[PDB]
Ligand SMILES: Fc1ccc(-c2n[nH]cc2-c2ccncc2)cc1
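This document starts with one chain, in the form deposited without the ligand, laid out as C-alpha cells.
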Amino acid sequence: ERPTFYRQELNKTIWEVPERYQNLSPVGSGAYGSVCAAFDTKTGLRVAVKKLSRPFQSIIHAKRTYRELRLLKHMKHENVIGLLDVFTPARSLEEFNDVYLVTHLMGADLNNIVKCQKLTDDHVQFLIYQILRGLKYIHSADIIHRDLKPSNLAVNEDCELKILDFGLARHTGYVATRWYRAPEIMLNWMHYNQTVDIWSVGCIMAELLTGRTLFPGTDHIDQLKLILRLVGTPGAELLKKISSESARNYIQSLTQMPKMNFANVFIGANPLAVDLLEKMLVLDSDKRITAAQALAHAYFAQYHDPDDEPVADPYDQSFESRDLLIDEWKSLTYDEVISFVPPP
C-alpha cells in the first residue's frame, strides 16, 4: 500500500516523502542531491534521507543513481551504511523522476566527534578498527571507496562507526577529498588497487592521533609536495611502475626528498600505532598493507576477531560495462526501487 506523502521545501529542495518521516532538517547539500535528518515515527528512530537531484537528467547521473542504489542494497555490514528504505512519490515508471534513500542516522561525523570527545589511544584503536573492518567487507565486494575522509564516516556517541559516501560533490567544516587521496590515484600514475583506501585510513588515523590534517594540500601539486615531504620521493623501483609517462616525467623532475622516520614525527604515540601508520602510508601500493592484514596488526589486539570480520556476498557489477540510454538506466533503477525489501 502506497503511504500518504507530504511535500515540503527545505533549503530550496522540495521534499516529497511518506508521512512516517517527520521533522526533516538539513544535513548536507550539493550538486548531486541533499541529505536531511528526520524522525521515523514508525520505529521511533532518527534516520537520514538522501534525495538525488534530478537523477535521470543525464546518462552520468542516471548511471550514478543506479550504482548507488545497487550498492546500498547490497551492503549488509555493521560498519557500512545500509539501506532502511528507498521510495519514490511516483506511482508508475512514467512519472518516476525522484529517488529517496533512507538509513539509520548516526550522531555525527568523525570531525564532529573530535570537537566533542577527547580521543585517547583506545578510542583511536576502536575507530580505526571499525573503518578497516568495514573496508575489508567493501573491498571483498570488489569495490573501492575512493573518497574516504572524516566527513564520510558516521559515528555515534558510543564511538560506533559506519562508512558511507555522501556523494554530493561539495566544494568550499569542509573536508577536501584530496587531503586523504593516495598519490597514485590523485595523479593518475598507474592502474591503482584497493589500497588507495588504506592510504586514506592512514591519513585519518594520523589526524586522530595528532589533531591535525596530515596532508592539507591546497591543490594536487601542493598535495604531492606535502606527501613526499613525509614519505620521500619514489625510488627507482616505484618510478618504473608509474606507467603514465607524463606522471613519471613530472615525478622524476622533482628534487629528491628523504623518507622521514615516523617515530620522530608522531611523538608520543603508541609505537604500534606508528608501526601501522608506516605500513599504510607506503608510497608503493604493491607494498601497502591491506584491510585484512591491517586488522591482524597488533595495534588492534583488543578488538581483532578473525571469525567476526565478515566478507560480502558476491556483488554483480556487470552493469558497469553497459552503455545504456537514460531511460534504460531509469527503468533498471525503478525495478530496484520496486524490488526493495526492508531488513527485518
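In this text, residue numbers run from 1 along the sequence as written. Superpose the two forms; the largest set of C-alphas matching within 1.5 Å is the rigid core.
The same protein also exists as the form solved in complex with the ligand; that form is not shown, yet it is the one meant from here on.
- Using a 2.4 Å cut-off against backbone and C-beta atoms, the ligand, superposed onto this form from its pose in the bound PDB entry, places 3 or more atoms that close, and the site is blocked.
- In the bound PDB entry, the ligand sits within 4.5 Å of a heavy atom of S285.
- Under a 4.5 angstroms non-hydrogen atom cutoff, the ligand in the bound PDB entry lacks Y180 among its neighbouring residues.
- The closest heavy atom approach of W189 to the ligand in the bound PDB entry falls within 4.5 Å.
- Taking the partner from the other structure, the ligand in the bound PDB entry has no heavy atom within 4.5 Å of any heavy atom of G202.
- This chain is drawn without the ligand; in the bound PDB entry, the residue among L228, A176, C159, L208 with a heavy atom within 4.5 Å of it is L228.
- Checked against the ligand in the bound PDB entry, the candidates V274, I242, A141, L214 yield a single residue with a heavy atom inside 4.5 Å, and that residue is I242.
- Stretch 232-240 is the contacting one of 262-270, 87-95, 232-240, 123-131, since its residues have non-hydrogen atoms within 4.5 Å of the ligand in the bound PDB entry.
- Using a 4.5 Å cut-off on any heavy atom, the one residue of 250-270 that reaches the ligand in the bound PDB entry is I251.
- With the two forms fitted on their core, the C-alpha shifts between this form and the one not shown stay under 2 Å for all of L283, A312, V27, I289 except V27.
- After superposition on the rigid core, displacement of the C-alpha of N97 between this form and the one not shown stays below 2 Å.
- With the core held fixed, the Cα of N270 is displaced between this form and the one not shown by less than 2 Å.
- The rigid-core alignment places the CA of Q57 less than 2 Å apart between this form and the one not shown.
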